[PDB]
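Colleague: If you scroll down you'll find the structure; I have some questions about it.
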Amino acid sequence: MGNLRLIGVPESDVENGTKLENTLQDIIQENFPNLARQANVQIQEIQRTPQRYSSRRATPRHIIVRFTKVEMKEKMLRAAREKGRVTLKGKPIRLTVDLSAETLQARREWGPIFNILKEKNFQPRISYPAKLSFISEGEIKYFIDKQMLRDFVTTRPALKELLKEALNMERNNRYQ
């Protein structure tokens, strides 16, 4: 599911799926010795893109890696950030992923709610994409959209007052 972007892999006439897979494994060993030792990396597919359409830019085409375990992919990214230097066969390369701007906006919207809950010993935590979860009265509650949070507070006046400013549900009668 989780897809990773590998940038800076030179091209070769003899390129083929098998060789590509070996390449990724090599990267792991070169920069992430820990990952290589574990040997718990399950890759589903590795291919070059665009396979049939030439790249408008003079730079080398990118390789897309699809990992079986989303968690595993995330770990790899973290490792790269820590090392500060990732190389393939001694040459410098870059490892990154594409993220949607919508996600960032969501986090900002939840900003007020998160901070207030922290102060009040609610233990607020955020999970990808932008789901809000926290512990209240001894039980764990999860909400995906701010709309849910509104429907929830209606039944606990204390909570409503605390979050009143966070949700800003006192501007326009209509939603959106």
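Identifiers in this document derive from the order of the structure tokens: chains are assigned A, B, ..., residues are numbered from 1 separately in each chain, and ligands are numbered from 1 in order of occurrence.
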Give me the residues near residue A:127 as a PyMOL selection string, where near means some atom within 10 Å (using only C-alpha atoms) and where sequence neighbours in that chain fewer than 6 positions away do not count.

Modeller: chain A and resi 107+133+144

Colleague: Keeping only N, CA, C and O atoms, write the selected residues to a file as a CSV table (one decimal), in the first residue's frame.

Modeller:
chain,number,residue,atom,x,y,z
A,107,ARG,N,-4.7,19.0,10.0
A,107,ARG,CA,-3.9,19.1,11.2
A,107,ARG,C,-4.1,20.4,11.9
A,107,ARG,O,-4.3,20.6,13.1
A,133,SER,N,-7.8,11.4,18.6
A,133,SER,CA,-8.2,10.4,19.7
A,133,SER,C,-7.7,10.9,21.0
A,133,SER,O,-6.6,11.5,21.1
A,144,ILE,N,-13.3,11.2,13.6
A,144,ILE,CA,-12.6,11.4,12.3
A,144,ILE,C,-12.8,12.8,11.8
A,144,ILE,O,-11.8,13.4,11.4

Colleague: Quick check for you: according to DSSP on this backbone, which residues of stretch 25-143 of chain A are classed as strand (DSSP E or B)? Reply as a ChimeraX atom specification.

Modeller: /A:43-49,62-67,87-88,91-92,94-96,125-127,131-136,139-143

Colleague: Could you check which of A:62, A:80, A:115, A:162 is closest to residue A:20, using only C-alpha atoms?

Modeller: A:62

Colleague: Using only C-alpha atoms for the distances, tell me which of A:96, A:168, A:136, A:12 is nearest to residue A:61.

Modeller: A:12

Colleague: Work out how far atom CA of residue A:77 is from atom CA of residue A:53, in Å to one decimal.

Modeller: 28.2 Å

Colleague: Counting only C-alpha atoms, which residue out of A:41, A:132, A:101, A:166 sits closest to residue A:25?

Modeller: A:41

Colleague: Please provide as a JSON list (two decimals) with N, CA, C and O atoms, in the first residue's frame all residues within 12 Å of stretch 153-159 of chain A, with the sequence filter that same-chain residues fewer than 2 positions apart are discarded (counting only C-alpha atoms).

Modeller:
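around_29.json, freshly written:
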[["chain", "number", "residue", "atom", "x", "y", "z"],
["A", 113, "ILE", "N", -8.01, 22.13, 19.40],
["A", 113, "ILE", "CA", -8.56, 21.05, 20.21],
["A", 113, "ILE", "C", -7.43, 20.29, 20.90],
["A", 113, "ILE", "O", -7.50, 20.02, 22.10],
["A", 116, "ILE", "N", -5.67, 22.32, 23.92],
["A", 116, "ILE", "CA", -6.52, 22.47, 25.10],
["A", 116, "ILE", "C", -6.60, 21.16, 25.86],
["A", 116, "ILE", "O", -6.42, 21.12, 27.08],
["A", 117, "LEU", "N", -6.83, 20.07, 25.14],
["A", 117, "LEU", "CA", -6.94, 18.76, 25.77],
["A", 117, "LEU", "C", -5.66, 18.42, 26.53],
["A", 117, "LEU", "O", -5.71, 17.86, 27.62],
["A", 120, "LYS", "N", -5.58, 20.06, 29.90],
["A", 120, "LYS", "CA", -6.55, 19.48, 30.82],
["A", 120, "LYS", "C", -6.30, 17.99, 31.12],
["A", 120, "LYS", "O", -7.20, 17.30, 31.58],
["A", 122, "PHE", "N", -6.05, 15.44, 29.27],
["A", 122, "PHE", "CA", -6.83, 14.51, 28.45],
["A", 122, "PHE", "C", -5.94, 13.57, 27.62],
["A", 122, "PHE", "O", -6.43, 12.59, 27.06],
["A", 136, "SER", "N", -10.95, 10.15, 27.95],
["A", 136, "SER", "CA", -11.80, 10.94, 28.84],
["A", 136, "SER", "C", -12.63, 10.02, 29.74],
["A", 136, "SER", "O", -13.12, 8.99, 29.30],
["A", 137, "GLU", "N", -12.76, 10.40, 31.00],
["A", 137, "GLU", "CA", -13.58, 9.64, 31.94],
["A", 137, "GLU", "C", -13.21, 8.15, 31.98],
["A", 137, "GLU", "O", -14.02, 7.33, 32.43],
["A", 141, "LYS", "N", -12.04, 7.56, 23.18],
["A", 141, "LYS", "CA", -12.97, 8.01, 22.14],
["A", 141, "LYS", "C", -12.21, 8.44, 20.89],
["A", 141, "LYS", "O", -11.16, 9.06, 20.98],
["A", 143, "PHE", "N", -12.66, 10.26, 16.94],
["A", 143, "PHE", "CA", -13.48, 11.01, 15.98],
["A", 143, "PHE", "C", -12.67, 11.28, 14.72],
["A", 143, "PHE", "O", -11.49, 11.62, 14.80],
["A", 146, "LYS", "N", -14.46, 16.86, 12.51],
["A", 146, "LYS", "CA", -14.89, 17.81, 13.53],
["A", 146, "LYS", "C", -16.40, 17.70, 13.79],
["A", 146, "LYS", "O", -16.86, 17.91, 14.91],
["A", 147, "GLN", "N", -17.17, 17.36, 12.76],
["A", 147, "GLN", "CA", -18.61, 17.24, 12.90],
["A", 147, "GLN", "C", -18.96, 16.24, 14.00],
["A", 147, "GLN", "O", -19.85, 16.47, 14.81],
["A", 148, "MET", "N", -18.22, 15.13, 14.03],
["A", 148, "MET", "CA", -18.44, 14.12, 15.06],
["A", 148, "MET", "C", -18.17, 14.70, 16.44],
["A", 148, "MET", "O", -18.94, 14.47, 17.38],
["A", 149, "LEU", "N", -17.11, 15.49, 16.56],
["A", 149, "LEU", "CA", -16.76, 16.08, 17.85],
["A", 149, "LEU", "C", -17.90, 16.94, 18.38],
["A", 149, "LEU", "O", -18.19, 16.93, 19.58],
["A", 150, "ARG", "N", -18.57, 17.67, 17.49],
["A", 150, "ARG", "CA", -19.69, 18.50, 17.89],
["A", 150, "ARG", "C", -20.82, 17.64, 18.45],
["A", 150, "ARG", "O", -21.29, 17.85, 19.57],
["A", 151, "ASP", "N", -21.23, 16.64, 17.67],
["A", 151, "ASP", "CA", -22.30, 15.75, 18.10],
["A", 151, "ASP", "C", -21.99, 15.11, 19.46],
["A", 151, "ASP", "O", -22.89, 14.83, 20.25],
["A", 161, "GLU", "N", -17.87, 23.32, 26.83],
["A", 161, "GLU", "CA", -17.28, 24.61, 27.20],
["A", 161, "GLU", "C", -15.79, 24.63, 26.90],
["A", 161, "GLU", "O", -15.26, 25.61, 26.38],
["A", 162, "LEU", "N", -15.10, 23.54, 27.23],
["A", 162, "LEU", "CA", -13.66, 23.45, 27.01],
["A", 162, "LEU", "C", -13.32, 23.60, 25.53],
["A", 162, "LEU", "O", -12.40, 24.33, 25.16],
["A", 163, "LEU", "N", -14.06, 22.89, 24.69],
["A", 163, "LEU", "CA", -13.76, 22.85, 23.25],
["A", 163, "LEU", "C", -14.48, 23.94, 22.45],
["A", 163, "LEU", "O", -14.20, 24.10, 21.26],
["A", 164, "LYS", "N", -15.42, 24.66, 23.06],
["A", 164, "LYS", "CA", -16.19, 25.70, 22.37],
["A", 164, "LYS", "C", -15.33, 26.58, 21.46],
["A", 164, "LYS", "O", -15.67, 26.80, 20.30],
["A", 165, "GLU", "N", -14.22, 27.07, 21.98],
["A", 165, "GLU", "CA", -13.33, 27.93, 21.20],
["A", 165, "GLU", "C", -12.59, 27.13, 20.12],
["A", 165, "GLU", "O", -12.33, 27.64, 19.03],
["A", 166, "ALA", "N", -12.25, 25.88, 20.43],
["A", 166, "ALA", "CA", -11.48, 25.05, 19.51],
["A", 166, "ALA", "C", -12.25, 24.77, 18.23],
["A", 166, "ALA", "O", -11.70, 24.86, 17.13],
["A", 167, "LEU", "N", -13.53, 24.44, 18.36],
["A", 167, "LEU", "CA", -14.34, 24.07, 17.21],
["A", 167, "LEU", "C", -14.88, 25.29, 16.45],
["A", 167, "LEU", "O", -15.24, 25.18, 15.28],
["A", 169, "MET", "N", -17.65, 26.69, 16.50],
["A", 169, "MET", "CA", -18.98, 26.38, 15.96],
["A", 169, "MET", "C", -19.99, 27.44, 16.40],
["A", 169, "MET", "O", -21.14, 27.12, 16.73]]

Colleague: Which residue gives the smallest distance to residue A:138 among A:121, A:66, A:111, A:21, with only C-alpha atoms counted?

Modeller: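 For residue A:138, the nearest of the given residues is A:121.
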
Colleague: Separation of atom CA of residue A:16 and atom CA of residue A:60, in Å?

Modeller: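 So the two atoms, atom CA of residue A:16 and atom CA of residue A:60, lie 16.1 Å apart.
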
Colleague: When distances are computed from only C-alpha atoms, which of A:131, A:171, A:108, A:73 shows the smallest separation from residue A:2?

Modeller: A:73

Colleague: Quick one: of A:18, A:45, A:145, A:40, who's nearest to residue A:129, counting only C-alpha atoms?

Modeller: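 Checking each candidate against residue A:129, we get A:145 as the closest.
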
Colleague: Would you return as a PyMOL selection string the members of stretch 41-149 of chain A that DSSP assigns to helix (DSSP H, G or I) on this structure's backbone?

Modeller: chain A and resi 70-83+101-119+146-149

Colleague: May I have the residues from that selection written out with N, CA, C and O atoms, as a CSV table (one decimal), in the first residue's frame?

Modeller:
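In the end it all went to again_18.csv:
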chain,number,residue,atom,x,y,z
A,70,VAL,N,2.9,-1.1,5.2
A,70,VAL,CA,3.0,0.4,5.3
A,70,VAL,C,3.9,0.8,6.4
A,70,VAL,O,4.7,1.7,6.2
A,71,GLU,N,3.8,0.1,7.5
A,71,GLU,CA,4.6,0.5,8.7
A,71,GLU,C,6.1,0.4,8.3
A,71,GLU,O,6.9,1.2,8.7
A,72,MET,N,6.4,-0.7,7.6
A,72,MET,CA,7.8,-0.9,7.2
A,72,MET,C,8.3,0.3,6.4
A,72,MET,O,9.4,0.8,6.7
A,73,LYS,N,7.6,0.7,5.5
A,73,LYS,CA,8.0,1.8,4.6
A,73,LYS,C,8.2,3.1,5.5
A,73,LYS,O,9.3,3.8,5.3
A,74,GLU,N,7.3,3.3,6.4
A,74,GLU,CA,7.5,4.5,7.3
A,74,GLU,C,8.8,4.4,8.0
A,74,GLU,O,9.5,5.4,8.1
A,75,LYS,N,9.1,3.3,8.6
A,75,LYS,CA,10.4,3.1,9.3
A,75,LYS,C,11.6,3.4,8.5
A,75,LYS,O,12.5,4.1,8.9
A,76,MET,N,11.6,3.0,7.2
A,76,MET,CA,12.7,3.3,6.3
A,76,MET,C,12.9,4.8,6.2
A,76,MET,O,14.0,5.2,6.2
A,77,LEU,N,11.8,5.5,6.0
A,77,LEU,CA,11.9,7.0,5.8
A,77,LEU,C,12.6,7.6,7.0
A,77,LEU,O,13.5,8.4,6.9
A,78,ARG,N,12.1,7.2,8.2
A,78,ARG,CA,12.7,7.7,9.4
A,78,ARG,C,14.2,7.5,9.5
A,78,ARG,O,15.0,8.3,9.8
A,79,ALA,N,14.6,6.2,9.1
A,79,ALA,CA,16.0,5.9,9.2
A,79,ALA,C,16.8,6.8,8.3
A,79,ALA,O,17.9,7.3,8.7
A,80,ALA,N,16.3,7.1,7.1
A,80,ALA,CA,17.0,8.0,6.2
A,80,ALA,C,17.2,9.4,6.8
A,80,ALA,O,18.3,10.0,6.8
A,81,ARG,N,16.2,9.9,7.4
A,81,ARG,CA,16.2,11.2,8.0
A,81,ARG,C,17.3,11.3,9.1
A,81,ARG,O,18.1,12.3,9.2
A,82,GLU,N,17.5,10.2,9.9
A,82,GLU,CA,18.5,10.1,10.9
A,82,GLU,C,19.9,10.1,10.3
A,82,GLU,O,20.8,10.9,10.8
A,83,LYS,N,20.1,9.3,9.3
A,83,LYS,CA,21.5,9.1,8.8
A,83,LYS,C,21.9,10.4,8.2
A,83,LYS,O,23.1,10.8,8.3
A,101,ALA,N,-1.6,18.3,0.4
A,101,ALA,CA,-1.8,19.5,1.1
A,101,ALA,C,-3.0,19.4,2.1
A,101,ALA,O,-3.0,20.0,3.1
A,102,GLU,N,-4.0,18.7,1.7
A,102,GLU,CA,-5.3,18.6,2.4
A,102,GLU,C,-5.0,18.1,3.8
A,102,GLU,O,-5.5,18.6,4.8
A,103,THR,N,-4.1,17.1,3.9
A,103,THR,CA,-3.7,16.6,5.3
A,103,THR,C,-3.2,17.7,6.2
A,103,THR,O,-3.6,17.8,7.3
A,104,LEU,N,-2.3,18.5,5.7
A,104,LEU,CA,-1.7,19.6,6.5
A,104,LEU,C,-2.8,20.5,7.0
A,104,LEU,O,-2.9,20.8,8.2
A,105,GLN,N,-3.8,20.9,6.1
A,105,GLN,CA,-4.9,21.7,6.5
A,105,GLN,C,-5.7,21.1,7.7
A,105,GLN,O,-6.0,21.8,8.6
A,106,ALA,N,-5.9,19.8,7.6
A,106,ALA,CA,-6.7,19.1,8.6
A,106,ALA,C,-6.0,19.2,10.0
A,106,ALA,O,-6.6,19.5,11.0
A,107,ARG,N,-4.7,19.0,10.0
A,107,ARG,CA,-3.9,19.1,11.2
A,107,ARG,C,-4.1,20.4,11.9
A,107,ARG,O,-4.3,20.6,13.1
A,108,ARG,N,-4.0,21.5,11.1
A,108,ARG,CA,-4.1,22.9,11.6
A,108,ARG,C,-5.5,23.1,12.2
A,108,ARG,O,-5.6,23.7,13.2
A,109,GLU,N,-6.5,22.5,11.6
A,109,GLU,CA,-7.9,22.7,12.1
A,109,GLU,C,-8.0,22.0,13.5
A,109,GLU,O,-8.7,22.6,14.4
A,110,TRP,N,-7.4,20.9,13.6
A,110,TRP,CA,-7.4,20.2,14.9
A,110,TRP,C,-6.4,20.8,16.0
A,110,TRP,O,-6.5,20.4,17.1
A,111,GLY,N,-5.6,21.8,15.5
A,111,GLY,CA,-4.6,22.3,16.4
A,111,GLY,C,-5.2,22.8,17.8
A,111,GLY,O,-4.8,22.3,18.8
A,112,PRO,N,-6.2,23.7,17.7
A,112,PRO,CA,-6.8,24.2,19.0
A,112,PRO,C,-7.3,23.1,19.9
A,112,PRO,O,-6.9,23.1,21.1
A,113,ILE,N,-8.0,22.1,19.4
A,113,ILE,CA,-8.6,21.0,20.2
A,113,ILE,C,-7.4,20.3,20.9
A,113,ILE,O,-7.5,20.0,22.1
A,114,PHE,N,-6.4,20.0,20.2
A,114,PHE,CA,-5.3,19.2,20.7
A,114,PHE,C,-4.6,19.9,21.9
A,114,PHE,O,-4.5,19.3,23.0
A,115,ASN,N,-4.3,21.1,21.7
A,115,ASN,CA,-3.6,21.9,22.8
A,115,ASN,C,-4.4,22.0,24.0
A,115,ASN,O,-3.9,21.7,25.1
A,116,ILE,N,-5.7,22.3,23.9
A,116,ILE,CA,-6.5,22.5,25.1
A,116,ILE,C,-6.6,21.2,25.9
A,116,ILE,O,-6.4,21.1,27.1
A,117,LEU,N,-6.8,20.1,25.1
A,117,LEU,CA,-6.9,18.8,25.8
A,117,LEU,C,-5.7,18.4,26.5
A,117,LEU,O,-5.7,17.9,27.6
A,118,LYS,N,-4.5,18.8,26.0
A,118,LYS,CA,-3.2,18.5,26.6
A,118,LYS,C,-3.2,19.2,28.0
A,118,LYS,O,-2.9,18.5,29.0
A,119,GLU,N,-3.6,20.5,28.0
A,119,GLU,CA,-3.5,21.2,29.3
A,119,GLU,C,-4.4,20.5,30.3
A,119,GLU,O,-4.1,20.5,31.5
A,146,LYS,N,-14.5,16.9,12.5
A,146,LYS,CA,-14.9,17.8,13.5
A,146,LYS,C,-16.4,17.7,13.8
A,146,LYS,O,-16.9,17.9,14.9
A,147,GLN,N,-17.2,17.4,12.8
A,147,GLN,CA,-18.6,17.2,12.9
A,147,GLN,C,-19.0,16.2,14.0
A,147,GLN,O,-19.9,16.5,14.8
A,148,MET,N,-18.2,15.1,14.0
A,148,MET,CA,-18.4,14.1,15.1
A,148,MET,C,-18.2,14.7,16.4
A,148,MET,O,-18.9,14.5,17.4
A,149,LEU,N,-17.1,15.5,16.6
A,149,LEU,CA,-16.8,16.1,17.9
A,149,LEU,C,-17.9,16.9,18.4
A,149,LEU,O,-18.2,16.9,19.6

Colleague: Expressed in Å to a single decimal, how great is the separation between atom CA of residue A:27 and atom CA of residue A:89?

Modeller: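 Distance reported for this atom pair: 8.2 Å.
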
Colleague: Using only C-alpha atoms, determine which residues lie at most 12 Å from residue A:30, disregarding the query and same-chain residues fewer than 5 positions distant; provide the list as a ChimeraX atom specification.

Modeller: /A:23-25,35-37,80,83,85-93
